[PDB]
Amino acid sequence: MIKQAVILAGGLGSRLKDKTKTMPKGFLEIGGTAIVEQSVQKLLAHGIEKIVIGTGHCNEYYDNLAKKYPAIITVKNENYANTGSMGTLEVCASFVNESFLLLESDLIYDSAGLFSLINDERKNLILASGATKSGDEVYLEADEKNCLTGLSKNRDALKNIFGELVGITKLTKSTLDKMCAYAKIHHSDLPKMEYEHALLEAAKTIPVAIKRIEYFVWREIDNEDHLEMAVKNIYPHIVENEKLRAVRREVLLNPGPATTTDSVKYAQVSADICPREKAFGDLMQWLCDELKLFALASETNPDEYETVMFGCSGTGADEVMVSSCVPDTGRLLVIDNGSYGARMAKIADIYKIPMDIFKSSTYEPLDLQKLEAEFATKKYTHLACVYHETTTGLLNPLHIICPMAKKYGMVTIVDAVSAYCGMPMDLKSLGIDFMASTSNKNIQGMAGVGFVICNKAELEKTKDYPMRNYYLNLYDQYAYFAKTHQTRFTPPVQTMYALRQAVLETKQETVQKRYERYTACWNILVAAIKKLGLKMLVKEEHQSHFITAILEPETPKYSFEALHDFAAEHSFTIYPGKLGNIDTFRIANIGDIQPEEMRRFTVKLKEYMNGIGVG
């Protein structure tokens, strides 16, 4: 997979005259957005994790772009006025360390050119098109292996015309080295070298193939004629082509699997791979390194924590923790104030772990005096509890409970399955030793990877615990990968590709802003609940903001099924209540849901409720 890209954007764009006197031409806007920002989104959407933008003229526009996209690094060609495009690539190259995509800044293009270059086996590969009749075409001459032998804007300087250079090229680091060595040795005589020229030179000794997509839909914008072609013809075509790959968007109001981006969905599609290959071990290592960061404050040293990934669900991860972190020499206290706390107590009981339960209401907060009293008996070495009790939307105050458990010398075992990545978390100041979550809740990937983020020292303390199971044993799963850079058994390979994409998108959003978008959706729902006269099971002060239990209207005209089927006709999936003794329904707002989508849902809810005489 290609993880890096370079956008060459130091040019003056002089041929656009007034348009570029104050502005790089990448920041021309078609359809409401800078063309280069669209390219940045297309690159990240295909799993590019680092975008090196070589800046020069009006570099401020790009520095300000980088503020919106953490994947961008800007590097200025201070001499941009007196070099060509090769000089800008030269200041970028020290930032490139593997194979990469190389893009011009004045392009619009069908993103299927990204996919097609990434998925071609040839390592050095120019994307080319058929005839465009656009002006300023760079023509490629190719040999019988379709490899580059000449290039020129004068079609008569060439021995054949294979296609036109699009400006999107896949290259190895070694090919870049060769280009930068030829550019450097010609700093005096060829000061305005264009990157194409150095690539042609490099192609003499390293084969550089050309992939000719006859009908590839693209346009470069050097001047006003190009812009006319872009605005009137090429852009609406690109829009249509990219919408052909759009996936049916169902808005899920259940707490996960939730609505996903289509870039997370398509991240599941990749070359087949043997998961014991080094490259896949490096991907699993990167997933471990990056997952645990979403649970730590930036000032907490990451090396104090480990991630342990398993092929299993959230319940699986909870069972890993209960069944691997509490020796028979200790005693566990489980907080049961919901289905997931009750589940952990039943797991501990199945395993015959010494254990008492602290039972409390599913919708009103825990008594912390009574809880501290149970810590104070010194009977408990370990505590297992849930952060967000998805049963009702109750948020347990683990910023209070778990540091208190630590003050009593206890190890903390935390189900954060529906909390992690939806709100900021710092395991260190939260006093949390082991934390479980999954790949398909608030991180917004696909189901199938459960994981435990561990205080490394407390993880180590379990090295000599008797195993209670095999597939779900925390220490062995951790120890084997530390030793072999392989995971013990076959993992959900494609789901792990999806998880990496969801990790990149969580870094792009940041957890803080995801929390704000979740809470904005929640704010809309609660206001509409109040207007309709509906009642909330949990008091707002005590809620997670990620799911809201709503009491069922008393009128016999209501049923869950009728509201559910109506909402489903409008592409909204709602969720039943989970309590035997109290009738509720639940509306969650996680995943890719947008505030306007929750607004549209409340409109439909009001339609339905009004139709049965509620509100």
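Don't overthink the numbering: it's just position in the shown sequence, from 1.
S.K.: Higher average CA B factor in the deposited record is what I'm after, so tell me if that's 21-29 or 597-605.
M.R.: Mean C-alpha B-factor is greater for 21-29.
S.K.: Comparing 362-370 with 447-455, where is the mean C-alpha B-factor higher?
M.R.: Averaging CA B-factors over each stretch, the winner is 362-370.
S.K.: For the C-alpha B-factor as written in the entry, point me to the maximum among 505, 156, 306, 389.
M.R.: Result of the comparison over 505, 156, 306, 389: 156.
S.K.: Check the PDB entry and point out which of 162, 351, 497, 471 has the largest C-alpha temperature factor.
M.R.: It is 162.
S.K.: Using the temperature factors of the C-alpha atoms in this entry, rank residue 581 within its chain: lowest, middle or highest third.
M.R.: Ranked within chain, residue 581 CA B lands in the highest tercile.
S.K.: Compare the C-alpha B factor of residue 397 with those of the other modelled residues in its chain, then answer lowest, middle or highest third.
M.R.: Middle third of the chain for residue 397's C-alpha B-factor.
S.K.: Once the chain's modelled residues are ordered by C-alpha B factor and cut into thirds, is residue 544 in the lowest, middle or highest one?
M.R.: Answer is lowest: the recorded C-alpha B-factor places it there.
S.K.: Would you mind ranking residue 45 by its C-alpha B-factor against the rest of the chain and naming the third, lowest, middle or highest?
M.R.: Lowest third - that is where residue 45 ends up once the chain's C-alpha B-factors are sorted.
S.K.: Sorting by Cα B-factor within the chain, modelled residues only, which third would residue 125 end up in: lowest, middle or highest?
M.R.: Answer is middle: the recorded C-alpha B-factor places it there.
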